[PDB]
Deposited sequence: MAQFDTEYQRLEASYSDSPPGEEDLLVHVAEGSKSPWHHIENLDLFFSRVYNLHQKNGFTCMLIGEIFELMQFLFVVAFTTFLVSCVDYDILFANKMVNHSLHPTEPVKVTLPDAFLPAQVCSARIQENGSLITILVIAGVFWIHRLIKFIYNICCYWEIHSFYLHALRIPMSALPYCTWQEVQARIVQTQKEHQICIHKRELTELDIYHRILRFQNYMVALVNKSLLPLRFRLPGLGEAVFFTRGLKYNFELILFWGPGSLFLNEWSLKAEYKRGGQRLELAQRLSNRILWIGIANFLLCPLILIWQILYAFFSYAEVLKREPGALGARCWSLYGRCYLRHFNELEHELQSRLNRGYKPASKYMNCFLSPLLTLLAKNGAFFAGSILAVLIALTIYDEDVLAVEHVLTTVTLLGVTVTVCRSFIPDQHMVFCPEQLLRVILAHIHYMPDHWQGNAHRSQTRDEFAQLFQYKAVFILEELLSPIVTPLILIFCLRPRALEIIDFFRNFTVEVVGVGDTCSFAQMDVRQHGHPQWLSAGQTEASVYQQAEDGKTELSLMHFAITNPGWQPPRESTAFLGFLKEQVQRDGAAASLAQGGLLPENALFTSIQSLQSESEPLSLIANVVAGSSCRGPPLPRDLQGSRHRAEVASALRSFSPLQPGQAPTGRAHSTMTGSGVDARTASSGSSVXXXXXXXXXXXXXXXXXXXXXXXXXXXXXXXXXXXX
């Protein structure tokens, strides 16, 4: 609760994170569990590889520990493996770095916990039931007593938003203006979108937080990037920086590939054996979390919007069925159910139809076949309405390409709605492929864009008095960043928010935070909008 604290972006971010992971104790436990999962994957894997005698386990009454070798021998058997010892040393160094960051993080989170209890007065018991809106209103009222925000002003409830979301507004504006290569033209497929967790991590490590990034403070852009001249040498320097970060990625490829595979296998294989159709359900697509996101939108508001609108979207995606697969399913079900009905009537009649060379395996395989086909057979009496489903999905989601509203029922619309909605299986596949795909996209597809990235960060970076250097769009300025088709805008092409992000983002903010005082242009815009809504 200190006066003139430190970097305020971090303080506010930590406060927000403490509200999200409901309380200090919960958060501490969550982090500890996160550290134990890594160590368990690595140690379980190295135990399975190195200490277990599979031959005795398989064939050659045997108790479980009859397989395991004694530690006095496991240590020697794992030590005489240069590749394994090297992977373990790199894994242990990453782990120790993560454990040290965790200790430092909890030592800094006890300070936020004391902030809550003593200056906000929200006990950790009343924190899960507490409405981040109420939390930040407490903070804004506290700004008087326990002084913060070194010496600029009183907090204005959007400052906190800018502090928590400075780099995320930059990502939103980068992806919104089609920098940052995502679309690819694969042979044998349409234009794929490849945006993963590792790729966005690399983009942020290149642009925002690193040794030689664009930013020096975490709230101020380096002084040269604001200068119009010397843009070409800056572009060359950025290109070399991203080249070498891509090469580090290419060299770390084997280790991250191993991690993604062990790890994929340690959860999704269980789910596969249980319910193989859980991976046929669809998830909201990291590209799509960044596309459908308003500018100053905290994570919980985006996710509330995203799951309010999830079941409409599943009803839409299941409308759409291929006739050929449906017919193949129907008829395979007929023929398999016929042979199975005959074999079942026989095994019921005499009961010795069973234990005939292949009858039992045949019954089981035929049952699996009938079940798969019946899962592919659409439910008769299914209401097919892709227009109203798309209308309600939009009402929850707020952003959609413009060539969707008319032709809701075509393959073009369905095909690029799957850009946003994504079978979970292609998610797991796409997270597996990112170790081997991220370096080459990073080296080849982004380095040509470095001169456009430099011009973005020079052109769209405003200095706001209290917060520092923020994105130019996240101001929610209807002027200078509007879009003439949605709407007064003093914005030409290249200087405009594409899918209506400025207008819809300002509306979403004004609706979610009713306490905020809207500037002149924003107030006039919202008033004219309300007049048009109530009039028309």
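- Where C-alpha coordinates are absent, the deposited sequence of this PDB chain has the segments 1-35, 96-108, 536-538, 588-724.
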